[PDB]
Structure formats: structure tokens, C-alpha cells
Amino acid sequence: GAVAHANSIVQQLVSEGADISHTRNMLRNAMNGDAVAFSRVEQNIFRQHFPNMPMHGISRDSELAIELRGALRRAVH
Amino acid sequence: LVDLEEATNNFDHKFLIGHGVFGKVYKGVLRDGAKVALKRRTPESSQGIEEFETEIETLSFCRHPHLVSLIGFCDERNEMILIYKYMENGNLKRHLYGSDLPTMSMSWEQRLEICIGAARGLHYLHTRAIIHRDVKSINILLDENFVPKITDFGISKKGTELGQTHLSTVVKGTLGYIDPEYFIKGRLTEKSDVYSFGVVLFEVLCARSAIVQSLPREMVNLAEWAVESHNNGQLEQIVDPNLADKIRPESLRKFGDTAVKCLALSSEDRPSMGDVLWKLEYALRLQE
């Protein structure tokens with residue numbers, strides 16, 4: 001699916017100590033098309049899920065990316 | 001700190017022009033009649049401090065015609081605004097796609113003036129151990145006679161050995177322009193900017209002010225793309241806009257030959273922003 005998948009990634013972030021609040025800031029920065037600054041933790045978690053991230057990188061319409069933006073936003077609360 | 005070109009509290013905000021990563025931007029006329037740009041960074045002070053500072057120190061050397069020149073700053077009452085010359089024409093992208101802007105488009109010349117212009121911009125910064133790390137069409141504002149000026153240094157870094165620095169820090173920049181080598185390895189050099197320039201280069205040729213567009217095929221990364229064309233598969237003249245038969249067959253084979261040279265898999269095989277600035281002019285020469 002996508003909501004099921006997205007959760008896996010929020011999980012890692014938290015399980016890997018990644019401050020998920022910041023992770024959201026970069027996912028916004030990434031999709032908008034703004035200068036990003038991932039942490040070592042966060043950046044390697046993402047490349048697993050968005051393979052072509054170096055080049056193509058988290059689109060607006062990428063389903064999983066949209067889901068993950070929410071899947072995080074909720075968890076922040 | 002070491003500075004005192006520091007202005008203090010103007011008027012109340014007339015909602016205008018821009019919006020930024022950490023901050024907003026407003027067009028505010030000064031007491032002396034000067035048209036000035038204001039990059040207020042009070043929205044989300046999410047480490048918007050270190051960037052703000054680096055942009056004060058790295059830019060208080062404001063001595064160039066191809067860089068946006070900073071007038072003043074303000075750290076008064078938690079706020080942290082930055083002051084610059086208002087740029088009549090906005091960024092370069094707004095002239096390569098974006099939306100609107102009458103009188104059709106830019107010429108090939110006007111495109112080359114702005115390609116060469118921008119190059120001195122970087123070359124200079126590479127002369128001064130400065131990596132910009134965030135070179136892109138949006139960061140290349142233009143003024144009244146369409147003269148290129150670099151901006152948003154916030155992400156930038158400075159080197160020790162003055163030029164030959166092959167230092168390493170946290171990865172930063174715009175997802176499509178980032179040096180892949182830089183990304184995959186972490187080792188940051190001045191060439192990572194050369195790569196980013198190669199990207200803009202085509203982004204001028206093609207007008208695919210998309211660089212990375214997630215809708216056509218596996219032809220998504222204009223960097224990966226124009227490379228597969230002009231590096232081998234076709235020297236494609238099909239990649240550009242209604243630029244017409246305006247470009248000479250020879251200047252075009254150079255303009256790209258370089259832009260491709262900028263995007264080499266390793267920084268190793270890239271040209272220093274010196275060559276790139278020479279080759280650029282050379283093609284503008286090749287054309288007329």
C-alpha cells in the first residue's frame with residue numbers, strides 16, 4: 001500500500017533516534033524543491049525508500065511521499 | 001560583531017515579492033529613496049541563525065558585479081532581517097519557464113551573457129575558497145539591464161588552503177542540482193558547484209526550468225538527460241525551446257560540450273570554474 005509503507009519509515013526515524021520533527025522539515029524542503037539538509041540518520045533511511053532520490057528525489061505527487069508527510073505530521077502530535 | 005553596516009527598524013510590512021526557506025521577503029523603499037530588498041527570517045527560527053550569520057560574514061565582502069550585494073542587517077529584538085539591492089527582473093528561472101513575463105523570451109546571446117556572467121560569479125567565489133553549495137536558476141537574480149547576481153549563501157562554506165580545499169561536512173543543497181558524488185560520498189569540493197552549474201547551463205539551453213521534473217519518463221533528470229543526448233546518443237538539438245535556428249551549429253556544440261563536462265560522474269574530470277568561464281565566452285564568440 002502506501003499508508004502502511006509510510007508508517008514503516010516514521011518508525012525507523014523514531015527507532016533510529018531521528019528527531020522526526022526535523023525530518024518533516026526536510027521532506028517539506030525536498031518536495032517544495034528547497035535546499036535540503038538531511039542528517040546522516042535521515043538521509044540513509046530515505047534512500048532506501050526513494051532510490052532515485054539523489055537525482056529525481058521526492059516529487060510532489062509521489063504517493064508514498066505524500067503519505068509520509070502526513071504519517072509524520074500526525075506522529076509529531 | 002566585527003561589523004557595523006547595520007540598519008535598524010524601518011516601517012510596517014507591505015506584503016510583497018517573495019517567500020523563503022526560513023523567512024519572508026519584502027520590497028521596502030528606504031528614507032533616501034533607495035529600492036531595497038528585505039529577507040526577514042523571523043518565520044521558523046529553525047537554526048535560521050547560523051545561515052543568517054554565514055550570510056553576513058561571507059557576504060560582507062560584497063565586492064562584485066555578479067553577486068547580490070548586501071546593504072545591511074538587523075539582530076535587534078530577536079528579529080534577523082537582511083538588506084539587499086532590489087532586483088528588477090527577479091531570478092533567472094522566471095525568464096526560462098516559471099509562468100508569464102511578456103515580450104516572449106530571452107535571446108541566445110542574452111542567455112549567454114547571463115551564463116558567462118553567472119560564471120565569473122562562481123569562479124570568483126572559488127578564487128576565495130568559497131563553495132556556494134546551492135547554485136541554481138532561482139539564486140541568480142537579474143537587475144535593470146539583466147545583469148546576473150548570485151544569492152542565498154546561507155548554505156555556503158569557506159576553505160583553508162584557498163582553492164585546493166577538499167573538505168567534508170554535512171550534505172546540503174537543492175535535490176536536483178546536488179553533486180551526486182558529494183551526495184553519495186560526503187566529500188565536498190569546489191567542483192560540486194561546477195556540477196550544479198552544468199545543470200543551470202542546460203536549464204538555460206532547454207528552458208526545462210524543471211531540472212528534475214517528475215512527469216515525463218526516465219528522462220526526468222535534465223542532467224542525466226541532456227548528457228545521454230549530447231554525451232553520446234544524439235548531440236540532440238531537440239532539447240531546447242522555441243529558441244529556433246538562432247543558435248549557430250558550432251557554438252551549440254561547445255556550449256553543451258562544456259555543460260556535459262561539468263556533469264562528469266567524478267569531480268575529478270570536471271573543469272574549474274575558470275575554464276568553464278573561458279569556454280562560455282568562447283561560444284558566445286563562436287556565435288557572432
# chains A, B, ... in the order shown; residues from 1 in each chain; ligands from 1
$ select_by_dssp --residues "chain A" --states "alpha helix (DSSP H)" --output "ChimeraX atom specification"
/A:3-15,20-32,40-49,63-76
$ residues_around --residues "residue 195 of chain B" --least-positions-apart "4" --cutoff "10 Å" --atoms "only C-alpha atoms" --output "number ranges by chain"
B: 135, 177-181, 190-191, 199-201, 223, 259-267, 270-271, 273
$ interface_residues --of "chain A" --to "chain B" --cutoff "10 Å" --atoms "only C-alpha atoms" --output "mmCIF file with N, CA and C atoms, in the first residue's frame"
data_model
loop_
_atom_site.group_PDB
_atom_site.id
_atom_site.type_symbol
_atom_site.label_atom_id
_atom_site.label_comp_id
_atom_site.auth_asym_id
_atom_site.auth_seq_id
_atom_site.Cartn_x
_atom_site.Cartn_y
_atom_site.Cartn_z
ATOM 1 N N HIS A 22 12.267 17.452 12.853
ATOM 2 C CA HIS A 22 13.219 17.920 11.841
ATOM 3 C C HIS A 22 13.052 17.180 10.508
ATOM 4 N N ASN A 25 10.670 18.727 8.337
ATOM 5 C CA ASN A 25 11.138 19.986 7.775
ATOM 6 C C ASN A 25 11.883 19.770 6.464
ATOM 7 N N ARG A 28 9.457 18.604 3.591
ATOM 8 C CA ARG A 28 8.809 19.788 3.045
ATOM 9 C C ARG A 28 9.799 20.442 2.092
ATOM 10 N N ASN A 29 10.998 20.703 2.604
ATOM 11 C CA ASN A 29 12.058 21.317 1.822
ATOM 12 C C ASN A 29 12.333 20.524 0.543
ATOM 13 N N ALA A 30 12.227 19.200 0.622
ATOM 14 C CA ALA A 30 12.554 18.336 -0.511
ATOM 15 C C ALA A 30 11.522 18.430 -1.628
ATOM 16 N N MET A 31 10.243 18.362 -1.256
ATOM 17 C CA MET A 31 9.130 18.377 -2.214
ATOM 18 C C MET A 31 8.892 19.755 -2.824
ATOM 19 N N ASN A 32 8.979 20.794 -1.993
ATOM 20 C CA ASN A 32 8.891 22.168 -2.472
ATOM 21 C C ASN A 32 9.944 22.391 -3.543
ATOM 22 N N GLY A 33 11.115 21.792 -3.330
ATOM 23 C CA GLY A 33 12.267 21.997 -4.197
ATOM 24 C C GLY A 33 13.212 23.014 -3.586
ATOM 25 N N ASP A 34 13.308 22.985 -2.255
ATOM 26 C CA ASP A 34 14.167 23.886 -1.487
ATOM 27 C C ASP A 34 15.404 23.183 -0.949
ATOM 28 N N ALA A 35 16.474 23.952 -0.776
ATOM 29 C CA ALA A 35 17.738 23.413 -0.316
ATOM 30 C C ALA A 35 17.498 22.542 0.896
ATOM 31 N N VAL A 36 17.897 21.275 0.786
ATOM 32 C CA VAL A 36 17.703 20.314 1.873
ATOM 33 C C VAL A 36 18.994 20.101 2.659
ATOM 34 N N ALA A 37 18.848 19.593 3.881
ATOM 35 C CA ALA A 37 19.972 19.369 4.774
ATOM 36 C C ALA A 37 19.686 18.189 5.703
ATOM 37 N N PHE A 38 19.529 17.005 5.120
ATOM 38 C CA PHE A 38 19.272 15.796 5.897
ATOM 39 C C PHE A 38 20.406 15.484 6.859
ATOM 40 N N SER A 39 20.077 14.756 7.916
ATOM 41 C CA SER A 39 21.090 14.243 8.815
ATOM 42 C C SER A 39 21.542 12.898 8.254
ATOM 43 N N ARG A 40 22.668 12.394 8.754
ATOM 44 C CA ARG A 40 23.184 11.085 8.351
ATOM 45 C C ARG A 40 22.134 9.990 8.587
ATOM 46 N N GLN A 43 19.022 10.770 6.033
ATOM 47 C CA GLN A 43 19.344 10.642 4.614
ATOM 48 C C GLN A 43 19.456 9.192 4.152
ATOM 49 N N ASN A 44 20.021 8.328 4.988
ATOM 50 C CA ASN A 44 20.158 6.942 4.586
ATOM 51 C C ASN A 44 18.867 6.137 4.756
ATOM 52 N N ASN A 52 15.912 6.713 -6.324
ATOM 53 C CA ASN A 52 16.404 7.725 -7.223
ATOM 54 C C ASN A 52 16.490 9.092 -6.573
ATOM 55 N N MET A 53 16.436 9.131 -5.244
ATOM 56 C CA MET A 53 16.473 10.405 -4.512
ATOM 57 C C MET A 53 17.652 11.339 -4.853
ATOM 58 N N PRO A 54 18.868 10.782 -5.045
ATOM 59 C CA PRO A 54 19.980 11.685 -5.376
ATOM 60 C C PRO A 54 19.640 12.567 -6.586
ATOM 61 N N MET A 55 19.089 11.929 -7.613
ATOM 62 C CA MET A 55 18.781 12.560 -8.889
ATOM 63 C C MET A 55 17.351 13.104 -9.000
ATOM 64 N N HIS A 56 16.381 12.197 -8.962
ATOM 65 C CA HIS A 56 14.971 12.535 -9.140
ATOM 66 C C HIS A 56 14.404 13.173 -7.870
ATOM 67 N N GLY A 57 14.478 12.434 -6.767
ATOM 68 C CA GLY A 57 14.184 12.963 -5.439
ATOM 69 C C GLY A 57 12.782 13.442 -5.119
ATOM 70 N N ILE A 58 12.199 12.799 -4.108
ATOM 71 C CA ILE A 58 10.876 13.114 -3.559
ATOM 72 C C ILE A 58 10.069 14.168 -4.331
ATOM 73 N N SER A 59 9.227 13.678 -5.236
ATOM 74 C CA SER A 59 8.331 14.513 -6.022
ATOM 75 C C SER A 59 7.177 15.006 -5.154
ATOM 76 N N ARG A 60 6.339 15.874 -5.728
ATOM 77 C CA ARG A 60 5.109 16.310 -5.061
ATOM 78 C C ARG A 60 4.088 15.169 -5.070
ATOM 79 N N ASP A 61 3.899 14.573 -6.240
ATOM 80 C CA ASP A 61 2.839 13.606 -6.433
ATOM 81 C C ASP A 61 3.211 12.183 -6.042
ATOM 82 N N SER A 62 4.477 11.945 -5.707
ATOM 83 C CA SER A 62 4.870 10.609 -5.274
ATOM 84 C C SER A 62 3.960 10.232 -4.118
#
$ residues_around --residues "residue 21 of chain A" --least-positions-apart "3" --cutoff "12 Å" --atoms "only C-alpha atoms" --output "PyMOL selection string"
(chain A and resi 10+13-14+17-18+24-28+42+69-77) or (chain B and resi 46)
$ closest_residue --among "B:268, B:152, B:32, B:203" --to "residue 166 of chain B" --atoms "only C-alpha atoms"
B:268
$ residues_around --residues "segment 240-250 of chain B" --least-positions-apart "6" --cutoff "9 Å" --atoms "only C-alpha atoms" --output "list in words"
residues 105, 106, 107, 108, 109, 202, 204, 205, 206, 207, 208, 283, 286, 287 and 288 of chain B
$ write_last_selection --atoms "N, CA, C and O atoms" --output "short mmCIF file (atom, residue, chain, number, x, y, z; two decimals), in the first residue's frame"
data_model
loop_
_atom_site.label_atom_id
_atom_site.label_comp_id
_atom_site.auth_asym_id
_atom_site.auth_seq_id
_atom_site.Cartn_x
_atom_site.Cartn_y
_atom_site.Cartn_z
N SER B 105 10.52 35.50 -24.96
CA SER B 105 11.64 35.02 -24.16
C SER B 105 12.95 35.76 -24.41
O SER B 105 12.99 36.81 -25.08
N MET B 106 14.00 35.17 -23.85
CA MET B 106 15.36 35.69 -23.91
C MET B 106 16.01 35.24 -25.21
O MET B 106 15.60 34.23 -25.77
N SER B 107 17.00 35.97 -25.69
CA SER B 107 17.73 35.54 -26.89
C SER B 107 18.72 34.44 -26.51
O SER B 107 18.70 33.94 -25.38
N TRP B 108 19.58 34.04 -27.45
CA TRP B 108 20.65 33.09 -27.14
C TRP B 108 21.79 33.89 -26.55
O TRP B 108 22.44 33.45 -25.59
N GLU B 109 22.02 35.07 -27.13
CA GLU B 109 23.02 35.99 -26.62
C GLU B 109 22.67 36.30 -25.16
O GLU B 109 23.35 35.84 -24.26
N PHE B 202 22.31 23.91 -18.93
CA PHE B 202 21.28 23.32 -19.79
C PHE B 202 19.97 23.97 -19.47
O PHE B 202 19.25 24.38 -20.36
N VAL B 204 19.29 26.56 -19.10
CA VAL B 204 19.22 27.80 -19.88
C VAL B 204 18.98 27.43 -21.35
O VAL B 204 18.11 28.00 -22.03
N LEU B 205 19.79 26.48 -21.82
CA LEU B 205 19.69 25.94 -23.17
C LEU B 205 18.28 25.43 -23.41
O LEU B 205 17.61 25.86 -24.35
N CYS B 206 17.72 24.59 -22.47
CA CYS B 206 16.49 23.82 -22.67
C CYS B 206 15.26 24.61 -22.28
O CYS B 206 14.24 24.55 -22.97
N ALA B 207 15.39 25.36 -21.22
CA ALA B 207 14.28 26.12 -20.66
C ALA B 207 13.43 25.17 -19.82
O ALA B 207 12.37 25.54 -19.29
N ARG B 208 13.92 23.94 -19.71
CA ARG B 208 13.33 22.93 -18.84
C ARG B 208 13.72 23.36 -17.44
O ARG B 208 14.48 22.68 -16.73
N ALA B 283 32.13 30.45 -26.82
CA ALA B 283 30.96 30.04 -27.58
C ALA B 283 30.10 31.25 -27.97
O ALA B 283 29.55 31.31 -29.07
N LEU B 286 31.99 32.29 -30.76
CA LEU B 286 31.72 31.36 -31.86
C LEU B 286 30.42 31.66 -32.60
O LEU B 286 30.23 31.22 -33.73
N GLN B 287 29.54 32.40 -31.95
CA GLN B 287 28.18 32.58 -32.43
C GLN B 287 28.03 33.77 -33.36
O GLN B 287 27.36 33.69 -34.39
N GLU B 288 28.67 34.88 -33.01
CA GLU B 288 28.62 36.10 -33.81
C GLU B 288 29.87 36.25 -34.67
O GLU B 288 29.81 36.73 -35.81
#
